[PDB]
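Input: a single structure, listed below in structure tokens.
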Amino acid sequence: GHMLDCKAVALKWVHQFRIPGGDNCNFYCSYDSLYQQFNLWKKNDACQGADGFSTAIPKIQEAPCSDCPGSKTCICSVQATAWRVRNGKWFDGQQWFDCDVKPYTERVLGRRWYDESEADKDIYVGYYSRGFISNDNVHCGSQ
Ligand SMILES: [Zn+2]
Ligand SMILES: [Zn+2]
Ligand SMILES: [Zn+2]
Ligand SMILES: [Zn+2]
């Protein structure tokens, strides 16, 4: 058979923090440090299908913070796509797993998930996750 009821999930790991206004965000974050964060993501969740994860893309954003005493806001992130993720609830043989994007993202990235409807500027925890469906009704298998 084929399971045609998997989804692709766009995932993003985020560290938002403030730095002295005289500094730059690329004194604090590197492509390499963010790629190492991607390497810590759990790649064998019960909800994971075949084909693993896309190439990770590090990003570094910087803006002066109007509300801060002379600080800049840094947003250091790494994003990748989980190609094939189960839909619904999944029983692994011993217990149930919720494969909805929120619980799945929190298990795989290990940080609190926020809907894309919530902007970075309105999020006040330092470390957090994004996850949203980028493709539905994909094969669970690599064939
Ligand atoms: Zn298939
Ligand atoms: Zn299949
Ligand atoms: Zn950091
Ligand atoms: Zn970072």
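Naming works like this for the structure tokens: A, B, ... for the chains as they're shown, residue 1 at the start of each chain, ligands 1 onward in shown order.
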Would you mind listing the residues within 8 Å of ligand 4, counting only C-alpha atoms and all ligand atoms, as a compact mmCIF listing (two decimals) with N, CA, C and O atoms, in the first residue's frame?
```txt
# COMPACT_ATOMS: atom_id res chain seq x y z
N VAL A 14 14.35 29.46 16.88
CA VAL A 14 14.61 30.91 17.01
C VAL A 14 15.22 31.22 18.38
O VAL A 14 14.68 30.74 19.39
N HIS A 15 16.29 32.01 18.39
CA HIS A 15 16.81 32.70 19.60
C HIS A 15 16.70 34.22 19.34
O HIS A 15 17.43 34.71 18.48
N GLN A 16 15.80 34.90 20.05
CA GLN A 16 15.66 36.37 20.03
C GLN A 16 16.25 36.90 21.33
O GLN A 16 15.86 36.47 22.44
N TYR A 28 27.63 37.37 17.89
CA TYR A 28 26.95 36.47 18.87
C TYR A 28 26.50 35.14 18.24
O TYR A 28 26.45 34.11 18.95
N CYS A 29 26.06 35.19 16.99
CA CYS A 29 25.50 34.03 16.23
C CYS A 29 26.36 33.81 14.99
O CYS A 29 26.83 34.81 14.41
N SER A 30 26.48 32.55 14.60
CA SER A 30 27.18 32.12 13.37
C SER A 30 26.31 31.11 12.64
O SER A 30 25.49 30.42 13.31
N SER A 33 27.05 27.84 14.39
CA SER A 33 26.35 27.65 15.68
C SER A 33 24.88 27.28 15.39
O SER A 33 24.36 26.40 16.09
N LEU A 34 24.28 27.91 14.39
CA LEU A 34 22.84 27.68 14.07
C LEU A 34 22.70 26.31 13.39
O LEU A 34 21.78 25.55 13.73
N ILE A 75 17.78 38.38 16.09
CA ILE A 75 16.95 37.17 15.90
C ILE A 75 17.81 36.19 15.11
O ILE A 75 18.13 36.52 13.96
N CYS A 76 18.30 35.15 15.76
CA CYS A 76 19.17 34.11 15.16
C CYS A 76 18.30 32.87 14.97
O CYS A 76 17.65 32.46 15.94
N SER A 77 18.19 32.35 13.75
CA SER A 77 17.21 31.28 13.49
C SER A 77 17.83 30.29 12.52
O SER A 77 18.82 30.62 11.80
```
Apply DSSP to the structure's backbone, then extract all residues of stretch 31-131 of chain A labelled alpha helix (DSSP H) and return them as a PDB file with N, CA, C and O atoms, in the first residue's frame.
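File written: states-v2.pdb
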```
ATOM      1  N   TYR A  31      26.502  31.033  11.334  1.00  0.00           N
ATOM      2  CA  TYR A  31      25.988  29.969  10.423  1.00  0.00           C
ATOM      3  C   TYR A  31      26.232  28.633  11.109  1.00  0.00           C
ATOM      4  O   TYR A  31      25.327  27.808  11.205  1.00  0.00           O
ATOM      5  N   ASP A  32      27.460  28.461  11.610  1.00  0.00           N
ATOM      6  CA  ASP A  32      27.933  27.178  12.194  1.00  0.00           C
ATOM      7  C   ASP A  32      27.189  26.863  13.489  1.00  0.00           C
ATOM      8  O   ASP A  32      26.822  25.703  13.694  1.00  0.00           O
ATOM      9  N   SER A  33      27.055  27.837  14.387  1.00  0.00           N
ATOM     10  CA  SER A  33      26.345  27.648  15.675  1.00  0.00           C
ATOM     11  C   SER A  33      24.882  27.283  15.388  1.00  0.00           C
ATOM     12  O   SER A  33      24.361  26.399  16.088  1.00  0.00           O
ATOM     13  N   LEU A  34      24.278  27.910  14.389  1.00  0.00           N
ATOM     14  CA  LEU A  34      22.837  27.679  14.067  1.00  0.00           C
ATOM     15  C   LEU A  34      22.696  26.307  13.394  1.00  0.00           C
ATOM     16  O   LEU A  34      21.779  25.551  13.728  1.00  0.00           O
ATOM     17  N   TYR A  35      23.640  25.939  12.528  1.00  0.00           N
ATOM     18  CA  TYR A  35      23.637  24.581  11.913  1.00  0.00           C
ATOM     19  C   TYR A  35      23.761  23.545  13.045  1.00  0.00           C
ATOM     20  O   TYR A  35      23.056  22.493  13.012  1.00  0.00           O
ATOM     21  N   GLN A  36      24.527  23.809  14.107  1.00  0.00           N
ATOM     22  CA  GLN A  36      24.670  22.840  15.213  1.00  0.00           C
ATOM     23  C   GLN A  36      23.337  22.743  15.953  1.00  0.00           C
ATOM     24  O   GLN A  36      23.025  21.666  16.468  1.00  0.00           O
ATOM     25  N   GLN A  37      22.614  23.843  16.077  1.00  0.00           N
ATOM     26  CA  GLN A  37      21.253  23.772  16.702  1.00  0.00           C
ATOM     27  C   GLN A  37      20.377  22.856  15.848  1.00  0.00           C
ATOM     28  O   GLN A  37      19.702  21.975  16.412  1.00  0.00           O
ATOM     29  N   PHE A  38      20.393  23.032  14.526  1.00  0.00           N
ATOM     30  CA  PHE A  38      19.624  22.147  13.622  1.00  0.00           C
ATOM     31  C   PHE A  38      20.010  20.675  13.872  1.00  0.00           C
ATOM     32  O   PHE A  38      19.143  19.788  13.946  1.00  0.00           O
ATOM     33  N   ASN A  39      21.293  20.386  14.000  1.00  0.00           N
ATOM     34  CA  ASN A  39      21.788  19.000  14.238  1.00  0.00           C
ATOM     35  C   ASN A  39      21.200  18.419  15.533  1.00  0.00           C
ATOM     36  O   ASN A  39      21.083  17.209  15.607  1.00  0.00           O
ATOM     37  N   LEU A  40      20.791  19.243  16.524  1.00  0.00           N
ATOM     38  CA  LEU A  40      20.188  18.727  17.784  1.00  0.00           C
ATOM     39  C   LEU A  40      18.696  18.420  17.649  1.00  0.00           C
ATOM     40  O   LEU A  40      18.133  17.791  18.564  1.00  0.00           O
ATOM     41  N   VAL A 101       0.905  20.181  14.224  1.00  0.00           N
ATOM     42  CA  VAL A 101       2.188  20.910  14.030  1.00  0.00           C
ATOM     43  C   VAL A 101       2.672  21.448  15.383  1.00  0.00           C
ATOM     44  O   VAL A 101       3.890  21.398  15.632  1.00  0.00           O
ATOM     45  N   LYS A 102       1.808  21.920  16.265  1.00  0.00           N
ATOM     46  CA  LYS A 102       2.299  22.480  17.549  1.00  0.00           C
ATOM     47  C   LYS A 102       3.037  21.429  18.391  1.00  0.00           C
ATOM     48  O   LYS A 102       4.227  21.598  18.700  1.00  0.00           O
ATOM     49  N   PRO A 103       2.391  20.314  18.820  1.00  0.00           N
ATOM     50  CA  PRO A 103       3.066  19.327  19.674  1.00  0.00           C
ATOM     51  C   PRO A 103       4.267  18.710  18.948  1.00  0.00           C
ATOM     52  O   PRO A 103       5.289  18.491  19.623  1.00  0.00           O
ATOM     53  N   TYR A 104       4.111  18.381  17.655  1.00  0.00           N
ATOM     54  CA  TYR A 104       5.211  17.789  16.850  1.00  0.00           C
ATOM     55  C   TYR A 104       6.430  18.726  16.906  1.00  0.00           C
ATOM     56  O   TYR A 104       7.542  18.287  17.206  1.00  0.00           O
ATOM     57  N   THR A 105       6.251  20.011  16.573  1.00  0.00           N
ATOM     58  CA  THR A 105       7.352  21.011  16.548  1.00  0.00           C
ATOM     59  C   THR A 105       8.013  21.073  17.921  1.00  0.00           C
ATOM     60  O   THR A 105       9.261  21.049  18.041  1.00  0.00           O
ATOM     61  N   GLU A 106       7.211  21.135  18.974  1.00  0.00           N
ATOM     62  CA  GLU A 106       7.765  21.237  20.353  1.00  0.00           C
ATOM     63  C   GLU A 106       8.583  19.991  20.718  1.00  0.00           C
ATOM     64  O   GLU A 106       9.661  20.179  21.329  1.00  0.00           O
ATOM     65  N   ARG A 107       8.165  18.786  20.287  1.00  0.00           N
ATOM     66  CA  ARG A 107       8.967  17.540  20.517  1.00  0.00           C
ATOM     67  C   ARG A 107      10.279  17.563  19.725  1.00  0.00           C
ATOM     68  O   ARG A 107      11.324  17.215  20.284  1.00  0.00           O
ATOM     69  N   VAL A 108      10.234  17.975  18.470  1.00  0.00           N
ATOM     70  CA  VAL A 108      11.390  17.882  17.544  1.00  0.00           C
ATOM     71  C   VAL A 108      12.403  19.002  17.845  1.00  0.00           C
ATOM     72  O   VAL A 108      13.618  18.712  17.800  1.00  0.00           O
ATOM     73  N   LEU A 109      11.957  20.257  18.020  1.00  0.00           N
ATOM     74  CA  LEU A 109      12.836  21.427  18.248  1.00  0.00           C
ATOM     75  C   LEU A 109      13.094  21.627  19.750  1.00  0.00           C
ATOM     76  O   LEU A 109      14.126  22.276  20.093  1.00  0.00           O
TER      77      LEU A 109
END
```
Would you give me, as JSON lines, each residue of chain A having an atom within 9 Å of an atom of ligand 1, along with its shortest atom pair and that distance in Å to one decimal, using only C-alpha atoms and all ligand atoms and sorting by chain and residue number?
```
{"residue": "A:1", "atom": "CA", "partner": "ligand 1", "partner_atom_place_in_ligand_line": "1 (Zn)", "distance": 7.2}
{"residue": "A:2", "atom": "CA", "partner": "ligand 1", "partner_atom_place_in_ligand_line": "1 (Zn)", "distance": 4.1}
{"residue": "A:3", "atom": "CA", "partner": "ligand 1", "partner_atom_place_in_ligand_line": "1 (Zn)", "distance": 6.0}
{"residue": "A:4", "atom": "CA", "partner": "ligand 1", "partner_atom_place_in_ligand_line": "1 (Zn)", "distance": 6.7}
{"residue": "A:138", "atom": "CA", "partner": "ligand 1", "partner_atom_place_in_ligand_line": "1 (Zn)", "distance": 8.2}
{"residue": "A:139", "atom": "CA", "partner": "ligand 1", "partner_atom_place_in_ligand_line": "1 (Zn)", "distance": 4.6}
{"residue": "A:140", "atom": "CA", "partner": "ligand 1", "partner_atom_place_in_ligand_line": "1 (Zn)", "distance": 6.2}
{"residue": "A:141", "atom": "CA", "partner": "ligand 1", "partner_atom_place_in_ligand_line": "1 (Zn)", "distance": 4.8}
{"residue": "A:142", "atom": "CA", "partner": "ligand 1", "partner_atom_place_in_ligand_line": "1 (Zn)", "distance": 6.3}
{"residue": "A:143", "atom": "CA", "partner": "ligand 1", "partner_atom_place_in_ligand_line": "1 (Zn)", "distance": 4.2}
```
Filtering to C-alpha atoms, could you give me those residues as a compact mmCIF listing (two decimals), in the first residue's frame?
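Here's the written file result05.txt:
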```
# COMPACT_ATOMS: atom_id res chain seq x y z
CA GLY A 1 0.00 0.00 0.00
CA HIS A 2 0.81 3.78 0.21
CA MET A 3 -0.14 6.18 3.07
CA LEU A 4 -1.01 9.43 1.16
CA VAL A 138 2.22 13.57 0.62
CA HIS A 139 3.32 9.89 0.81
CA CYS A 140 4.52 8.81 4.29
CA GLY A 141 7.08 6.57 2.51
CA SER A 142 9.96 7.61 0.24
CA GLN A 143 7.99 5.73 -2.54
```
What is the atom CA of residue A:113-atom CA of residue A:61 distance in Å, reported with one decimal?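 A separation of 19.5 Å between them.
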So how far away is atom CA of residue A:11 from atom CA of residue A:94, in Å?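 Between atom CA of residue A:94 and atom CA of residue A:11 the gap works out to 26.8 Å.
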Proximity to ligand 2 - best of A:8, A:68, A:78, A:50, only C-alpha atoms and all ligand atoms: A:50
Which of chain A end up as strand (DSSP E or B) when DSSP is run on this backbone - answer as a compact mmCIF listing (two decimals) with N, CA, C and O atoms, in the first residue's frame?
```txt
# COMPACT_ATOMS: atom_id res chain seq x y z
N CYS A 6 0.26 12.03 4.80
CA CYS A 6 1.34 12.74 5.52
C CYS A 6 1.33 14.21 5.07
O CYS A 6 0.65 14.54 4.05
N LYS A 7 2.05 15.07 5.80
CA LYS A 7 2.24 16.51 5.49
C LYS A 7 3.74 16.83 5.51
O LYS A 7 4.54 16.03 6.11
N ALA A 8 4.14 17.91 4.83
CA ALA A 8 5.46 18.52 4.96
C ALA A 8 5.29 19.70 5.92
O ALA A 8 4.26 20.39 5.84
N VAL A 9 6.26 19.85 6.84
CA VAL A 9 6.21 20.87 7.93
C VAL A 9 7.46 21.76 7.80
O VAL A 9 8.59 21.22 7.83
N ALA A 10 7.25 23.07 7.60
CA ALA A 10 8.29 24.12 7.63
C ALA A 10 8.56 24.43 9.11
O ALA A 10 7.66 24.90 9.78
N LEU A 11 9.76 24.13 9.58
CA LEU A 11 10.19 24.27 11.02
C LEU A 11 11.22 25.39 11.12
O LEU A 11 12.09 25.55 10.20
N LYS A 12 11.20 26.08 12.23
CA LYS A 12 12.21 27.14 12.50
C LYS A 12 12.45 27.26 14.00
O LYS A 12 11.46 27.30 14.79
N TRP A 13 13.72 27.18 14.33
CA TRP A 13 14.28 27.33 15.70
C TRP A 13 14.75 28.77 15.83
O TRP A 13 15.47 29.28 14.93
N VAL A 14 14.35 29.46 16.88
CA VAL A 14 14.61 30.91 17.01
C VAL A 14 15.22 31.22 18.38
O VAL A 14 14.68 30.74 19.39
N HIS A 15 16.29 32.01 18.39
CA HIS A 15 16.81 32.70 19.60
C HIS A 15 16.70 34.22 19.34
O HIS A 15 17.43 34.71 18.48
N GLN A 16 15.80 34.90 20.05
CA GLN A 16 15.66 36.37 20.03
C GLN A 16 16.25 36.90 21.33
O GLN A 16 15.86 36.47 22.44
N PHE A 17 17.17 37.83 21.23
CA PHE A 17 17.82 38.44 22.42
C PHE A 17 18.31 39.86 22.11
O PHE A 17 18.36 40.28 20.95
N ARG A 18 18.64 40.61 23.16
CA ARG A 18 19.11 42.02 23.02
C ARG A 18 20.62 42.04 23.24
O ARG A 18 21.12 41.25 24.07
N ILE A 19 21.31 42.93 22.52
CA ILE A 19 22.77 43.13 22.65
C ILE A 19 23.03 44.62 22.77
O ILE A 19 22.19 45.45 22.39
N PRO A 20 24.22 45.01 23.28
CA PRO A 20 24.59 46.43 23.34
C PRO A 20 24.52 47.07 21.94
O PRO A 20 24.92 46.39 20.95
N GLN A 48 7.40 11.02 12.59
CA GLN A 48 8.28 11.24 11.41
C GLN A 48 8.02 10.14 10.35
O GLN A 48 8.09 8.95 10.69
N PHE A 53 14.89 15.54 6.64
CA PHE A 53 14.78 17.02 6.69
C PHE A 53 15.57 17.58 5.52
O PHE A 53 16.61 17.02 5.15
N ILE A 57 18.76 26.26 6.77
CA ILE A 57 19.11 27.64 6.35
C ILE A 57 19.20 28.52 7.60
O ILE A 57 18.15 28.94 8.10
N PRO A 58 20.41 28.79 8.11
CA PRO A 58 20.63 29.82 9.14
C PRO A 58 20.27 31.23 8.67
O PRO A 58 20.38 31.58 7.48
N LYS A 59 19.82 32.06 9.60
CA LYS A 59 19.50 33.47 9.30
C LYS A 59 19.84 34.28 10.54
O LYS A 59 19.65 33.79 11.67
N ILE A 60 20.29 35.52 10.33
CA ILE A 60 20.61 36.48 11.43
C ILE A 60 19.96 37.80 11.05
O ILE A 60 20.12 38.23 9.88
N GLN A 61 19.12 38.33 11.91
CA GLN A 61 18.41 39.62 11.73
C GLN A 61 18.83 40.51 12.91
O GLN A 61 18.99 39.99 14.05
N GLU A 62 18.93 41.81 12.66
CA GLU A 62 19.36 42.82 13.64
C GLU A 62 18.51 44.07 13.39
O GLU A 62 18.34 44.47 12.20
N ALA A 63 18.07 44.72 14.46
CA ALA A 63 17.36 46.01 14.37
C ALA A 63 17.58 46.74 15.69
O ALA A 63 17.61 46.09 16.73
N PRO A 64 17.77 48.08 15.67
CA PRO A 64 17.84 48.85 16.91
C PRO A 64 16.47 48.69 17.57
O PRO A 64 15.46 48.69 16.88
N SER A 71 19.90 49.31 23.10
CA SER A 71 20.14 47.89 22.71
C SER A 71 19.67 47.65 21.28
O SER A 71 18.69 48.33 20.86
N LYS A 72 20.24 46.64 20.63
CA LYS A 72 19.74 46.08 19.36
C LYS A 72 19.07 44.75 19.70
O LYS A 72 19.50 44.08 20.70
N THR A 73 18.06 44.41 18.92
CA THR A 73 17.41 43.07 18.94
C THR A 73 18.07 42.22 17.87
O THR A 73 18.07 42.66 16.66
N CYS A 74 18.52 41.04 18.28
CA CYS A 74 19.04 39.99 17.39
C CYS A 74 18.00 38.88 17.30
O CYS A 74 17.49 38.46 18.36
N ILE A 75 17.78 38.38 16.09
CA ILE A 75 16.95 37.17 15.90
C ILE A 75 17.81 36.19 15.11
O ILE A 75 18.13 36.52 13.96
N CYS A 76 18.30 35.15 15.76
CA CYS A 76 19.17 34.11 15.16
C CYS A 76 18.30 32.87 14.97
O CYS A 76 17.65 32.46 15.94
N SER A 77 18.19 32.35 13.75
CA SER A 77 17.21 31.28 13.49
C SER A 77 17.83 30.29 12.52
O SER A 77 18.82 30.62 11.80
N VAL A 78 17.31 29.08 12.56
CA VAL A 78 17.66 28.06 11.53
C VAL A 78 16.36 27.36 11.15
O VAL A 78 15.54 27.06 12.06
N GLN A 79 16.14 27.19 9.84
CA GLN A 79 14.89 26.63 9.32
C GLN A 79 15.21 25.45 8.39
O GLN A 79 16.27 25.42 7.76
N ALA A 80 14.30 24.50 8.37
CA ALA A 80 14.34 23.33 7.49
C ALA A 80 12.92 22.77 7.40
O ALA A 80 12.06 23.07 8.27
N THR A 81 12.71 21.95 6.38
CA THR A 81 11.41 21.29 6.13
C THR A 81 11.52 19.83 6.55
O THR A 81 12.48 19.15 6.11
N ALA A 82 10.61 19.39 7.39
CA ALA A 82 10.36 17.95 7.61
C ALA A 82 9.51 17.48 6.41
O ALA A 82 8.35 17.85 6.31
N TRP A 83 10.11 16.68 5.53
CA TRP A 83 9.45 16.29 4.26
C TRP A 83 8.15 15.50 4.47
O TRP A 83 7.16 15.76 3.71
N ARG A 84 8.12 14.61 5.47
CA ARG A 84 6.98 13.67 5.63
C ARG A 84 6.69 13.44 7.11
O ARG A 84 7.56 12.89 7.82
N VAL A 85 5.54 13.95 7.55
CA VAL A 85 5.09 13.90 8.96
C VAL A 85 3.66 13.34 8.97
O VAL A 85 2.85 13.73 8.13
N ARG A 86 3.37 12.45 9.90
CA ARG A 86 2.04 11.80 9.98
C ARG A 86 1.01 12.88 10.25
O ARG A 86 1.36 13.95 10.81
N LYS A 89 -3.38 11.66 15.15
CA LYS A 89 -2.83 10.95 16.32
C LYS A 89 -2.21 9.68 15.77
O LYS A 89 -2.80 9.06 14.87
N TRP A 90 -1.11 9.27 16.33
CA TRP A 90 -0.38 8.08 15.86
C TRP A 90 -0.10 7.23 17.09
O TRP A 90 0.47 7.77 18.06
N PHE A 91 -0.40 5.93 17.00
CA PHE A 91 -0.04 4.93 18.05
C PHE A 91 1.26 4.23 17.64
O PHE A 91 1.30 3.58 16.57
N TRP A 96 0.11 6.77 22.34
CA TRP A 96 -0.35 7.76 21.34
C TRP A 96 0.54 9.01 21.32
O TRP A 96 0.96 9.56 22.41
N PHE A 97 0.68 9.54 20.11
CA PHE A 97 1.40 10.80 19.78
C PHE A 97 0.46 11.70 18.99
O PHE A 97 -0.24 11.26 18.05
N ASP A 98 0.41 12.95 19.41
CA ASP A 98 -0.27 14.00 18.64
C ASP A 98 0.71 14.51 17.58
O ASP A 98 1.75 15.05 17.94
N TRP A 113 6.28 26.50 20.84
CA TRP A 113 5.81 26.85 19.46
C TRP A 113 4.92 28.08 19.52
O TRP A 113 4.14 28.22 20.48
N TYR A 127 13.90 31.78 23.50
CA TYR A 127 14.04 30.63 22.60
C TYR A 127 12.66 30.12 22.28
O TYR A 127 11.88 29.88 23.25
N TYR A 128 12.37 29.88 20.99
CA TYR A 128 11.03 29.41 20.59
C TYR A 128 11.13 28.76 19.21
O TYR A 128 12.21 28.80 18.54
N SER A 129 10.00 28.19 18.83
CA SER A 129 9.88 27.41 17.58
C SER A 129 8.70 27.92 16.76
O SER A 129 7.74 28.51 17.30
N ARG A 130 8.82 27.72 15.46
CA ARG A 130 7.77 27.90 14.44
C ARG A 130 7.59 26.54 13.74
O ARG A 130 8.59 25.79 13.52
N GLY A 131 6.36 26.26 13.39
CA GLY A 131 6.07 25.08 12.55
C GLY A 131 4.76 25.31 11.86
O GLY A 131 3.77 25.69 12.54
N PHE A 132 4.73 25.11 10.55
CA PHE A 132 3.46 25.18 9.79
C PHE A 132 3.52 24.19 8.62
O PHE A 132 4.59 23.86 8.11
N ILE A 133 2.34 23.77 8.20
CA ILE A 133 2.20 22.83 7.06
C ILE A 133 2.61 23.55 5.77
O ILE A 133 2.02 24.60 5.43
N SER A 134 3.55 23.00 5.04
CA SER A 134 3.99 23.56 3.75
C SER A 134 3.45 22.69 2.57
O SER A 134 3.47 23.19 1.39
N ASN A 135 2.95 21.49 2.84
CA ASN A 135 2.40 20.57 1.79
C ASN A 135 1.53 19.51 2.49
O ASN A 135 1.99 18.98 3.47
N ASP A 136 0.28 19.26 2.08
CA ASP A 136 -0.50 18.13 2.68
C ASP A 136 -0.69 16.99 1.66
O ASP A 136 -0.33 17.13 0.48
N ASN A 137 -1.16 15.84 2.13
CA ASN A 137 -1.41 14.64 1.29
C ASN A 137 -0.14 14.32 0.49
O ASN A 137 -0.23 14.23 -0.75
N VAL A 138 0.99 14.17 1.19
CA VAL A 138 2.22 13.57 0.62
C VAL A 138 2.29 12.10 1.08
O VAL A 138 1.66 11.75 2.07
```
Separation of atom 1 (Zn, counted along the ligand's line) of ligand 3 and atom CA of residue A:42, in Å? 18.6 Å
Please determine, counting only C-alpha atoms and all ligand atoms, which residue among A:99, A:25, A:46, A:65 has the shortest atom-to-atom distance to ligand 3.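 Checking each of A:99, A:25, A:46, A:65 against ligand 3, counting only C-alpha atoms and all ligand atoms, the winner is A:25.
You can rank A:126, A:21, A:55, A:49 by their closest distance to residue A:111 using only C-alpha atoms, and at the top of that list sits A:126.
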